[PDB]
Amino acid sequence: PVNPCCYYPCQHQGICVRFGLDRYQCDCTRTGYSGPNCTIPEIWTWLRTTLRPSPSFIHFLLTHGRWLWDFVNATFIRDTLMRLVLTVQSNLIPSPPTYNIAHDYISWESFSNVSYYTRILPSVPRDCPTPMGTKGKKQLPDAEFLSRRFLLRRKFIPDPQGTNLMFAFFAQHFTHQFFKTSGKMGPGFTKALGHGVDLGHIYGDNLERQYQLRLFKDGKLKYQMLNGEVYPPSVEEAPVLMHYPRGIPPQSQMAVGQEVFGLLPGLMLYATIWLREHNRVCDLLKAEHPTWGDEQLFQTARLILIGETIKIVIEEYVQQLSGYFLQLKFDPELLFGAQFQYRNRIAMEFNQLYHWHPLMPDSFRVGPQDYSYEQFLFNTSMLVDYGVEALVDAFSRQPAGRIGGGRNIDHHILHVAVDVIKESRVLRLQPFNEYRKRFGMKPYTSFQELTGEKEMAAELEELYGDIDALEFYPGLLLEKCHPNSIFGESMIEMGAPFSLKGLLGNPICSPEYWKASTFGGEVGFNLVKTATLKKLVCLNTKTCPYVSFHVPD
């Protein structure tokens, strides 16, 4: 007998469990539903269903009515709605976490072993008719072909939301502290054990590495002086493992928290800024705590920089992304009255989803110069050649690509998307339409409805055979965007739950940690509260360039 759970016979987050030889049952516990498949709603659930407006209608509300939102943001409604957005979206994410690559069920190993990525939906059972369940063709489409025909950039489609390369490199930097898939252990495993905003891309994902990067005086990180500017130290002074092209001299190899950050100037840019911010914070702490040792200075600066990161990510980063007329607000005290777990486990789906390579351009315009991919990648002098000011100015001015829509990944890095789709088959990620339901959306009935056009849809229909078969990452990047937006509804409705849970689930946001003393007092606490991208750069530079998550005007 075939595995019944492969029909995904249970709705609204019921758990399919195999009983006997050919039977299944569903645990509808606290899903709001009753019956064999969990399809009969309870009186409260039912009432909330008819009164629930569609995610599209709410997206419209958040992106329209300039007059209403000016009023809202200047009142308490701002706090009310922020609380609402925080609790409602985060709660889609389980906590404690549930499944992983090895276990499609709750276990003590899945709870304790942090080297695993987690998952929101279990893998597609191995003992089933099609690789995506029961629907679709015997074999899935070629990963290279799907990229070439649907994801490969022809002409450059800029972001209509005005997103720049200062954002793209921030996104890439930031996300790589909690996305470190391991090569040795394989797919579904991770090296970044903080599982969130620990800043291990600055300090290191292990103690040994951290100790090697630290000056062990004044709580500071090691640094070097090139042309009068403070840069991260050479590998000769901080002998940590760094991935540089073999043959490159060690004196030109810079050492930072994250191994891959030397391969791109944009990465090594932010690495410098944050390092330069860390030591600056030590200078402020030491002035008010002359008696504090090196360890106290270091550990307190880290917490201040963890706070600063989340403040900028929520109020500036997600702001630019969402395009919302709601002024987003970082205030942990909002959740102090609700049931919220201050813990987080990074999920493979969020890893898959955060592959935002369409942000990368055709070239890299720095002042009058234009730089090719072969001049930008691996170049180790560019950062020290131009300086922070000049590179931040150049990245804040150049537009970034539109993520959704399709055909917008520059040929140089298309291979990544190919491997993403490949990896999304070793992990046996459920089909896109199943995730639609998990994150509270209606499944698509056609490829037409998915893309909003006719041409590119009809070809996908022939390849996949069924919309119920469409894969996760292709689904996200081919779906029609919201009008004049950066990506589709699915990226928002699925991304944000993961995103917000990570930010607010950080221990520093808890009632226990969100105190003045935690950050060395009012001075440190205000540094978190008033943090800003512009301030992160311009307080650490000689001059102040144009710095923003969006192109001028």
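Throughout, we count residues from 1 along the sequence that is shown.
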(request) Going by the average Cα B-factor in the PDB entry, point out whether 247 to 255 or 293 to 301 comes out higher. (result) 247 to 255
(message) Per the record, averaged over C-alpha atoms, which has the higher B-factor: 272 to 280 or 369 to 377?
(response) 369 to 377
(request) From the list 198, 333, 362, 316, select the residue with the highest C-alpha B factor recorded in the entry. (result) 362
(message) Highest recorded C-alpha temperature factor, please, choosing from 525, 513, 67, 498.
(response) 67
(message) Among the modelled residues of this chain, does the Cα B factor of residue 32 put it in the lowest, middle or highest third?
(response) middle
(request) Taking the values exactly as deposited, rank residue 21 by C-alpha B-factor within its chain and report the matching third: lowest, middle or highest. (result) highest
(request) For residue 47, return the chain-relative third of its C-alpha B-factor as stated in the PDB record: lowest, middle or highest. (result) highest
(request) Rank-wise, by C-alpha B-factor, drop residue 486 into the lowest, middle or highest third of its chain. (result) middle
(request) Compare the C-alpha B factor of residue 340 with those of the other modelled residues in its chain, then answer lowest, middle or highest third. (result) lowest
